[PDB]
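Below is one structure, written out as structure tokens; the observations come after it.
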Amino acid sequence: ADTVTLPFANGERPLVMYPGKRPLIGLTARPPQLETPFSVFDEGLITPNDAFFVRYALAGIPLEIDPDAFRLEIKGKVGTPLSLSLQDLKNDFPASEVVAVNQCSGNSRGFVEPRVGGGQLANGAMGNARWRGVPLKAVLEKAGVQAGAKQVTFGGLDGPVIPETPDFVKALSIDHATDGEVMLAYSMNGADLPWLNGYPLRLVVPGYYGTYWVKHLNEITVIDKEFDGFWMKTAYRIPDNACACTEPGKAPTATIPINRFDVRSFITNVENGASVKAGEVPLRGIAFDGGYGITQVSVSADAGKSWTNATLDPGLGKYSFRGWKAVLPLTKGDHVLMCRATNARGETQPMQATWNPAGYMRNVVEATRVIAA
Amino acid sequence: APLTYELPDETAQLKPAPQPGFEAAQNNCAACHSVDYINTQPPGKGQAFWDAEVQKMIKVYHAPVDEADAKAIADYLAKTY
Ligand code: HEC
Ligand code: MSS
């Protein structure tokens with residue numbers, strides 16, 4: 001039936017409908033991987049549950065869950081091992097909330113040049129939601145972390161089809177896990193987690209790439225060494241340098257795990273070749289970073305020759321999409337519109353795209369050609 | 001009762017080709033994941049790309065593919081995609 005075409009080579013995808021979801025861009029069926037149509041980001045600041053993107057590494061996702069039998073296990077280098085029900089979590093601990101962007105490591109990989117292998121995503125593998133749950137800090141304090149603790153590993157209900165394939169397990173440093181922001185989220189936008197977004201419980205790691213946000217989370221292990229599981233040691237690595245980048249075609253000499261978002265911004269109310277009325281053209285869109293706050297968003301209508309200051313919306317917190325609005329004088333004819341954001345620690349977007357072998361962390365200044373009449 | 005989730009039908013198929021690697025890819029490349037993983041890769045990447053993809057499936061994810069089939073699959077893919 002319905003298809004879309006993403007604007008890169010071999011960009012054709014089916015529009016697919018999953019239970020509880022609107023039609024989305026189908027990347028893969030087994031495991032399910034769904035990208036959000038770009039138009040959704042112009043609908044409002046919080047991404048709806050039924051539009052939220054889905055990424056999974058392994059096909060053995062859970063398809064039947066009894067929320068009453070479900071237990072989160074807390075173990076390893078702790079005083080008291082814990083076995084917690086969802087009712088335990090909701091009753092015995094105080095709740096927190098955070099509005100936070102979840103974005104895949106590989107968001108926008110389809111735009112990387114030269115093209116690289118992996119999930120060929122446009123910019124729709126990101127979303128912003130109100131998350132509610134228990135700060136991991138409080139669960140870990142109850143277990144009683146031992147001095148000696150270095151890292152916390154996180155595992156979920158999903159599993160590899162073939163037992164030899166490495167099971168999806170991630171790690172955070174102990175001081176990160178106990179920071180008060182890392183959350184055990186049982187709620188997304190005031191509802192239970194959509195199935196494919198990790199029902200009944202997921203890790204939320206504000207300002208960090210999505211790979212850490214472990215879904216169907218059932219196993220937390222405090223360890224006193226570095227975790228050398230495959231999804232930390234081999235997968236999700238970036239070049240160990242300031243641009244997280246190498247010369248096109250070159251492998252890095254040193255790598256580190258992907259960590260915190262770089263600064264991004266988009267224009268959401270217009271897309272390539274849109275018609276606008278010559279004169280005062282109203283633009284709007286979004287910006288986000290790794291939790292330092294957006295300081296400003298500049299807009300350009302002459303492909304980056306000159307810049308206008310956008311007006312920032314009232315914010316929903318440092319981890320949320322930050323909205324912005326601008327009105328630009330446009331003469332009749334062609335214009336290449338750009339936006340560029342900078343954050344409170346002075347990070348900004350490069351004008352020219354960088355590259356790495358994985359196609360991770362793209363944040364180049366986005367250009368949108370419009371026609372003013 | 002538990003809650004359950006109903007996935008829609010899987011419809012992704014490999015492009016048919018006369019090469020023997022087509023059949024071999026059908027028998028080896030759909031066991032862990034759908035083949036839309038292959039269909040959606042960047043186009044015209046060539047021999048080295050697909051050789052590396054196939055080898056990674058075998059060495060890292062432990063796909064039970066033998067050497068003759070690995071070559072056949074990689075050649076089919078580099079020629080077809
Ligand atoms: C289980 C042992 C596998 C078999 C059999 C094959 N592959 Fe696979 N593949 C496997 C995993 C765990 C993943 C990661 C999926 C994710 O969502 O991260 C993949 C992915 C791919 C891809 C996507 C690009 C990439 O990550 O490298 C491609 C193009 C791919 N696989 C191709 C492929 C082929 C050609 C196979 C037959 C030799 C094959 N896969 C079998 C695991 C497994
Ligand atoms: N359990 C689990 N979890 C998990 C997984 C898997 O596979 N599994 N994935 C990741 C990723 S990788 Mo890349 O970096 S992004 C991502 C995220 C997403 O989310 P959503 O799906 O909800 O959206 O998730 C996360 N989590």
Side-chain angles (χ1 to χ4, degrees), chain A residues 6 8 11 13 16 18 21 24-29 31-38 40-41 47 49 51-59 61 100-112 115-129 131 154 156 158 168 170 172 185 188 193-194 196-198 202-217 231-232 234-238 244-245 257-266 286-291 319-321 353-364 366, chain B residues 33 36-37 40-42:
Chain A
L6 303 176
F8 42 76
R13 309 276 182 271
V16 301
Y18 282 68
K21 298 288 194 180
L24 290 170
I25 299 165
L27 188 58
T28 68
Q33 303 201 86
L34 311 176
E35 194 193 334
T36 309
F38 193 65
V40 177
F41 302 110
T47 310
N49 284 14
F52 216 96
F53 82 99
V54 173
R55 202 272 190 253
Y56 276 114
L58 308 166
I61 70 162
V101 175
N102 184 19
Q103 175 189 44
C104 194
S105 302
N107 199 27
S108 316
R109 168 178 296 111
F111 300 103
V112 174
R115 290 290 290 280
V116 295
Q120 301 306 309
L121 296 156
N123 307 308
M126 63 182 176
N128 183 45
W131 307 95
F154 306 89
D158 57 322
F168 187 83
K170 299 299 298 201
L172 296 176
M188 173 180 171
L193 298 175
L196 298 174
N197 299 111
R202 77 171 312 157
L203 195 64
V204 163
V205 188
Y208 277 62
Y209 283 99
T211 189
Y212 298 99
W213 298 37
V214 175
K215 291 187 283 185
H216 312 115
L217 177 65
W231 301 97
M232 291 303 305
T234 302
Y236 295 103
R237 298 232 135 204
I238 48 167
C245 87
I258 198 156
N259 45 271
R260 209 185 301 279
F261 301 148
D262 54 22
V263 193
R264 300 202 75 164
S265 64
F266 297 89
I286 56 164
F288 69 91
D289 78 327
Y319 294 115
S320 170
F321 283 162
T354 59
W355 189 91
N356 53 258
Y360 294 148
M361 295 196 66
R362 175 178 187 85
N363 84 321
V364 67
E366 296 285 322
Chain B
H33 55 74
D36 39 26
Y37 273 84
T40 56
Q41 287 316 290

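Convention: sequence-line order gives letters A, B, ...; per-chain numbering from 1.
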Roughly how far apart are [X] [atom1] and [Y] [atom2], rounded to 0.5 Å?
X: A:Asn363; Y: A:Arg264; atom1: CG; atom2: CZ; result: 6.5 Å
X: A:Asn102; Y: A:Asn197; atom1: CG; atom2: CG; result: 8.0 Å
X: A:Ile25; Y: A:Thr36; atom1: CD1; atom2: OG1; result: 7.5 Å
X: A:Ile238; Y: A:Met361; atom1: CD1; atom2: CE; result: 5.0 Å
X: A:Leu121; Y: A:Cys104; atom1: CG; atom2: SG; result: 6.0 Å
X: A:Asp289; Y: A:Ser265; atom1: CG; atom2: OG; result: 11.0 Å

request  = State whether the side chain of A:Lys21 and the backbone N or O of A:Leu196 hold a donor-acceptor pair below 3.5 Å, judged by distance alone.
outcome  =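 No: the side chain of A:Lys21 does not pair with the backbone of A:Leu196.
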key: Donor-acceptor pair, side chain of A:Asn107 and main chain of A:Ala125, under 3.5 angstrom   =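 Checked: pair present.
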Using the test side chain to side chain contact (heavy atoms under 4.5 Å, CB included), find all partners of [X] that sit at least two apart in sequence or belong to another chain.
X: A:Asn356; answer: A:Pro239, A:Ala358, A:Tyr360
X: A:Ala122; answer: A:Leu6, A:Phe8, A:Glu35, A:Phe111
X: A:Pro357; answer: A:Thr246, A:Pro252, A:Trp355
X: A:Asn49; answer: A:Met188, A:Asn189, A:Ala191, A:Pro194

Decide yes or no for [X] and [Y]: does some side-chain heavy atom of the first lie under 4.5 Å from some side-chain heavy atom of the second?
X: A:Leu203; Y: A:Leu172; result: yes
X: A:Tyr236; Y: A:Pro257; result: no
X: A:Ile258; Y: A:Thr211; result: yes

Regarding [X] and [Y], do their side chains bring together a donor and an acceptor under 3.5 Å, going by distance alone?
X: A:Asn128; Y: A:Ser320; result: yes
X: A:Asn123; Y: A:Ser108; result: yes
X: A:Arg115; Y: B:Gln41; result: no
X: A:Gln120; Y: B:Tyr37; result: no

inquiry  = Test of understanding: with ring pair (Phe, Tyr, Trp, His ring centres under 6.0 Å), list the residues that count as partners of A:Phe261, not counting sequence neighbours.
reply    =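 A:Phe261 satisfies ring pair (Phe, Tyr, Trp, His ring centres under 6.0 Å) with A:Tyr209, A:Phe288 only.
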key: For A:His216, all residues meeting side chain to side chain donor-acceptor pair (under 3.5 Å), sequence neighbours excluded   =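 Only A:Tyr56 meet the side chain to side chain donor-acceptor pair (under 3.5 Å) criterion with A:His216.
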Can you name the nearest heavy-atom pair linking [X] to [Y], along with the distance?
X: A:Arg13; Y: A:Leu27; result: NE-CD1, 3.6 Å
X: A:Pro32; Y: A:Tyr18; result: CB-CE2, 3.9 Å
X: A:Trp213; Y: A:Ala100; result: CH2-CB, 4.1 Å
X: A:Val214; Y: A:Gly156; result: CG1-N, 3.9 Å
X: A:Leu58; Y: A:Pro31; result: O-CB, 3.4 Å
X: A:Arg55; Y: A:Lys215; result: O-NZ, 2.8 Å

inquiry  = If you apply the rule side-chain contact (heavy atoms from CB on, under 4.5 Å), what do you find for A:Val364 with A:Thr354, and how did you get there?
reply    = CA-CA 8 Å; A:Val364 67; A:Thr354 59; over 6 Å; no
query = Under 6.0 Å from the six-membered ring centre of A:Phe154 and within 45° of its axis: does the NZ or CZ of A:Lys170 meet both?
reply =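 No, A:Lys170 does not sit over the ring of A:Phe154.
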ask   = Going by the angle between their ring planes, with limits at 30° and 60°, are A:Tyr208 and A:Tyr212 parallel, tilted or perpendicular?
value =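 Because their plane-to-plane angle is over 60°, the rings of A:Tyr208 and A:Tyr212 count as perpendicular.
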